[PDB]
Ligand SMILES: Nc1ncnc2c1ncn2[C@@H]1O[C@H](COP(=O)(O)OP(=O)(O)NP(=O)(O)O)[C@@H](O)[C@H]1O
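What follows is one chain in structure tokens, specifically the form solved without this ligand.
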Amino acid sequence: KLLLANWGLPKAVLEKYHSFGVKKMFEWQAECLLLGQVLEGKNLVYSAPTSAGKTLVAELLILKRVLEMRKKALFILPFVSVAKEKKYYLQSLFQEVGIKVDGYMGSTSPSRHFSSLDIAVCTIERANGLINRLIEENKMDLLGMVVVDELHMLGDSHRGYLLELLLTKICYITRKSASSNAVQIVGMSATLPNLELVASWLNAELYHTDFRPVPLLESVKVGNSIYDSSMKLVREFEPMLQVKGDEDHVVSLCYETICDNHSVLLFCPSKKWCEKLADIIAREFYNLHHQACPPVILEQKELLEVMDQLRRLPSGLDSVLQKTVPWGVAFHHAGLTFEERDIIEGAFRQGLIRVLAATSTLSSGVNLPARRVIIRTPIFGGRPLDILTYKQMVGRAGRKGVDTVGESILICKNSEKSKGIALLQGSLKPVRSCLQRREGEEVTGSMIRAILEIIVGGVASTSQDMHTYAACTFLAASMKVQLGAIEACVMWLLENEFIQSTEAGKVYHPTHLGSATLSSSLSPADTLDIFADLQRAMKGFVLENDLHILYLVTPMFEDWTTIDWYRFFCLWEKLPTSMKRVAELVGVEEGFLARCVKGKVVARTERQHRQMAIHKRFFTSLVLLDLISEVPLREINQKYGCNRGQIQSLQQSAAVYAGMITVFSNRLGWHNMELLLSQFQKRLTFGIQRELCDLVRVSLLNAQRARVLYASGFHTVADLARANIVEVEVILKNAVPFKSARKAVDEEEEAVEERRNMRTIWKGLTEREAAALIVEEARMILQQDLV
């Protein structure tokens, strides 16, 4: 029977599914669950269209196996948003059963240690981290099920190949003893050409379907000609709205369906192009009630509440959104602050917004269905669009039940027509393993990390064991020089001190730099950079300011932003000698800054790669310093060029890097440097104690200045209006870390002015004056708060 009640679920879960509004399974879900050995614990891989109840199968398999066996089930997800979504959803299903559901994702982590959980939801990197901890604890016996979503990610060399490493380690360490299935794996994937090879690699039952609740019409617009997937001409397009300077009539493609109250989604090659088209479409829709075609109903009093909520936010209401949002038009790209993204997505999900320009950010990691998807070009970023990304984009078409059909138009030039058709009539590439070397190529970083994670984990200490591991990879399954690739990795790992060549055959063991890389879950290519910095700090370290810790803690990135090397070069030359000293030690150099402004950005070498890495890391330190130096965000945007979305990506990554490089120092045994880093980690907590934000009402208090007046005397502004101006001066003067206003002998006055300046306040005032002004400000606040 398709009715889910007939499957004998525990009634709490059945009632929750009924409350979630799903009561019957789809036929493909019954056929998948009835595969004979799957319910017996055989591994499974199934590919079905996204949304469409795809996860319902994996949820029922988890539910049974965690009830049939007390072992823990691990749910691995590609992104923190979908991880958090699935965590709270699974909690609402299972918590009434008494199942403990928590997860590892972002800076979120379980309230109590992994022993307490029954189901863990986590990101790929949190999953591969947890497995290394279960191996080191030798508590791998705890792991009873491992559910992998988006199993096609194995080919993504940047991240996602860790999904191959993770499953290879689970298979190897189990089959090392198993030679009734101990760790049932479930994969969820795409309609890959070689999906059955992945199923054979996992020794899994294979199921695949094409069923989707709302059928999807692919199409191309070529001039005015609209072609279906079979290239039958469905229409010659007529623009209902004539637009200045528009050759593609995207505004007519929007308006044609808006006439029936159906929302539109418009994928654009870039942030700028999203804002341009959200502006244009808003300016055309603004004309309608002046010039008028059927009427458009906007429920503008709801958009007033939406747009007010953007005004409430400390970001403020964006100057483009002022123009577009009143008319139900928005744009949505990663340069927005995360609360702005949630407001815009929420207003779309309620149907208040009706047209939404977006970059790829609504293709991956956000689920928002719309009746009509529009893709602005077949070329993205000066390259042809990836077929995987295209097929994710179009899958946004159609709300379940609300739409009878989902529509997608690829917009294309007649000059592009072949490149257009190639996306519809092409198909996904075969999945392949990033462990595979090209014949002429160095052994890949994915293999090097793969070998490191066993040796340093206390597993497979000999090359006989490593080959017995290596033959378990999907590289091996794909193949049925590779026999030499393991011995090339250990040659590389030895030459970079990650492992010890214990002898008398040979046996390999972790160095500290091994256990550090593993315990921090850094890439071996990152710890070559982080270590060569951290070792250079040990030679000579600046304690007097924060910059020389931020340089060690600041996240590694490649092109976190475009860097204007001239505004960096000038901003370096402006640095105080207090902090210009840090630049001297860190290795920022006039010769490289001058070449970065004057030349083309210089090519890499063994030396010049780290030289570049220092500068790119140092520039990111200044931005992170300005964030802790309490520069208002609106200034930093001008000062460096990084938008307010990138700044949150840096605030998130920097805090985590403090924890990682504390632990990296512990495993190295550098317990002095580790204690500096562990105490600095207390200061990268950017979260405002909003209880202090009362004192923040007076302009003269930074968060520390408020907290020290919150600490000393528990000043409310109502009490700061009552304070003795000299007592405020005393409480300020004795809150700061002491810096001598005297020159010391054999200093230079540059340094002495900076110690004085570091105690002046706004550089322009001294406490003997400012302590009066702040009491005057407090009574000027109080007399207004009373009215």
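For clarity, a rigid core is taken as the largest C-alpha set superposing within 1.5 Å between two forms. Throughout, we count residues from 1 along the sequence that is shown.
The form solved in complex with this ligand exists for this protein as well; it is not shown, and the discussion that follows is about that form.
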query: Clash verdict for this ligand in the entry with it bound, overlaid onto the shown chain (3 or more atoms within 2.4 angstroms of backbone or C-beta); finding: blocked
query: Position in contact with this ligand when the complex is considered in the entry with it bound, options 24, 11, 18, 768, heavy atoms within 4.5 Å; finding: 24
query: Listed residue that, although this ligand is not shown, lies within 4.5 Å of it in the entry with it bound (heavy atoms), from 417, 697, 341, 86; finding: 86
query: Non-hydrogen atom contact residue 759 with this ligand in the entry with it bound at 4.5 angstroms; finding: no
query: Proximity of residue 243 to this ligand in the entry with it bound, heavy atoms at 4.5 Å; finding: no
query: Partner proximity in the entry with it bound: residue 29 to this ligand, non-hydrogen atom cutoff 4.5 Å; finding: yes
query: Exercise: residue 149 in contact with this ligand in the entry with it bound, heavy atom 4.5 Å; finding: yes
query: Candidate stretches 77 to 85, 329 to 337, 315 to 323, 546 to 554 - the one whose heavy atoms come within 4.5 Å of this ligand in the entry with it bound; finding: 77 to 85
query: Neighbours of this ligand in the entry with it bound among 519 to 543 [non-hydrogen atom within 4.5 angstroms]; finding: none
query: Displaced residue between the shown form and the other one, judged on C-alpha after the rigid core is fitted, out of 392, 209, 649, 643 (threshold 2 Å or more); finding: 649
query: CA of residue 155, rigid core aligned, shift of 2 Å or more between the shown form and the other one; finding: no
query: Threshold 2 Å Cα movement between the shown form and the other one at residue 690, rigid core reference; finding: yes
query: Displaced residue check between the shown form and the other one: residue 713, CA, 2 Å or over, core reference; finding: yes
